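Novice: Just passing along the structure, written as structure tokens.
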Amino acid sequence: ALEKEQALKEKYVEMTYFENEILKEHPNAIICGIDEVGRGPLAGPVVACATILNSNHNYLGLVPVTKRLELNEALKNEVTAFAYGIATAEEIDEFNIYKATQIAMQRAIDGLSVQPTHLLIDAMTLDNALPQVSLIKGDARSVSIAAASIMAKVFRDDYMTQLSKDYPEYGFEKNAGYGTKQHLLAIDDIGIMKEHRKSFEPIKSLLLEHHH
């Protein structure tokens, strides 16, 4: 029992590498992790979360659904700060999904009770004037980022679940907006709605042929 437990602790410390390097140079640092979900679906918002972990954070296990829900509630109960940033399907169509994701991440920063001094970000740079580290597979490299992605995930899934109540035909509660055959057949049947991303294929090409 002291082994498997050691492994989780050891993993957790490796995943604090980047916060610890910053802290070494700045013990003052207010370190905020940022991740997003929802870049891939055909429908729904893109949802970013920004989180500053409490200094004595020890969310070991930072991923199946029971575990995700547990950590989601633990983080919400003990973290120094967290806030969600949303960019709508319309903004995604206007700005493209990359840029809409940047808007979502900054919106997440603005909603924080505490302004961060440093950002750890999953595969993204933000124009804002802050020091930041963009990390590939950030959610596996940083506890702050992993927390953010978990919280973003639960939020977006809850959102799409709420959506499926008002729009049952598209199958949102099951597909979370991905363009499955069911989702695409619903579109063929009753058309798109305000959560659909017009800039995303296969909708993009379907709108063309319709206008032609």
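Residues are referred to by chain and number: the chain letter is A, B, ... according to the order shown in the structure tokens, the number counts from 1 in that chain, and ligands are numbered separately from 1 in the order shown.
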Need the shell around segment 95-108 of chain A: protein/DNA/RNA residues with any atom at most 6 Å away, counting only C-alpha atoms. Skip same-chain ones fewer than 4 positions apart. Format as a PyMOL selection string?

Specialist: chain A and resi 48-50+83-87+91

Novice: Can you list, as a ChimeraX atom specification, every residue of chain A that DSSP puts in alpha helix (DSSP H)?

Specialist: /A:2-14,17-25,65-78,89-95,97-110,138-141,143-166,172-175,181-190,203-211

Novice: May I ask which of the residues A:10, A:166, A:94, A:36 is the closest one to residue 139 of chain A, counting only C-alpha atoms?

Specialist: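 Smallest separation from residue 139 of chain A among the options: A:36.
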
Novice: What does the structure give for the distance between atom CA of residue 155 of chain A and atom CA of residue 122 of chain A, in Å to one decimal?

Specialist: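 Result for atom CA of residue 155 of chain A versus atom CA of residue 122 of chain A: 17.6 Å, one decimal.
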
Novice: Using only C-alpha atoms, I'd like a table of the residues in segment 22-83 of chain A that come within 10 Å of segment 176-189 of chain A; for each, show the closest atom pair and its distance in Å rounded to one decimal, ordered by chain and ascending number, as a tab-separated table.

Specialist:
residue	atom	partner	partner_atom	distance
A:38	CA	A:177	CA	8.5
A:40	CA	A:178	CA	7.2
A:41	CA	A:178	CA	4.2
A:42	CA	A:178	CA	5.2
A:43	CA	A:177	CA	4.5
A:44	CA	A:177	CA	6.1
A:45	CA	A:177	CA	9.4

Novice: Considering only C-alpha atoms, return as number ranges by chain whatever protein or nucleic-acid residues lie within 10 Å of residue 118 of chain A, sequence-local ones (same chain, fewer than 6 positions apart) excluded.

Specialist: A: 19, 22-23, 26, 29-33, 52, 130-133

Novice: Kindly indicate which residue among A:66, A:51, A:20, A:175 lies nearest to residue 78 of chain A, using only C-alpha atoms for the distances.

Specialist: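 Distance minimum relative to residue 78 of chain A lands on A:51.
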
Novice: Please return as a VMD selection string: the residues of chain A that backbone DSSP assigns to strand (DSSP E).

Specialist: chain A and resid 31 to 37 46 to 52 81 to 87 118 to 122 132 to 135

Novice: How would the residues just chosen look if you wrote them out with C-alpha atoms as a short mmCIF file (atom, residue, chain, number, x, y, z; two decimals), in the first residue's frame?

Specialist:
data_model
loop_
_atom_site.label_atom_id
_atom_site.label_comp_id
_atom_site.auth_asym_id
_atom_site.auth_seq_id
_atom_site.Cartn_x
_atom_site.Cartn_y
_atom_site.Cartn_z
CA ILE A 31 0.26 30.70 -11.00
CA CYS A 32 -2.82 30.11 -13.17
CA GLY A 33 -3.35 26.99 -15.31
CA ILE A 34 -5.53 27.22 -18.40
CA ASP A 35 -7.08 24.55 -20.63
CA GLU A 36 -10.03 24.38 -23.02
CA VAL A 37 -12.49 21.76 -24.26
CA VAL A 46 -15.61 26.30 -26.72
CA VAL A 47 -15.08 26.34 -22.96
CA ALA A 48 -11.90 27.38 -21.20
CA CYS A 49 -11.17 27.12 -17.50
CA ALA A 50 -8.51 29.11 -15.62
CA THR A 51 -7.55 27.91 -12.16
CA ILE A 52 -5.10 28.99 -9.42
CA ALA A 81 -9.67 30.65 -7.68
CA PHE A 82 -11.36 29.32 -10.82
CA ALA A 83 -13.42 30.87 -13.58
CA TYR A 84 -14.89 29.68 -16.88
CA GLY A 85 -14.49 31.40 -20.21
CA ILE A 86 -17.01 30.77 -23.02
CA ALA A 87 -16.79 31.61 -26.71
CA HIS A 118 2.02 33.74 -14.42
CA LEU A 119 0.06 31.42 -16.81
CA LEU A 120 0.63 27.72 -17.58
CA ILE A 121 -1.28 27.02 -20.78
CA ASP A 122 -2.11 23.91 -22.81
CA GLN A 132 3.40 32.29 -19.61
CA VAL A 133 4.46 28.82 -20.62
CA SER A 134 2.66 27.06 -23.46
CA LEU A 135 2.93 23.32 -23.04
#
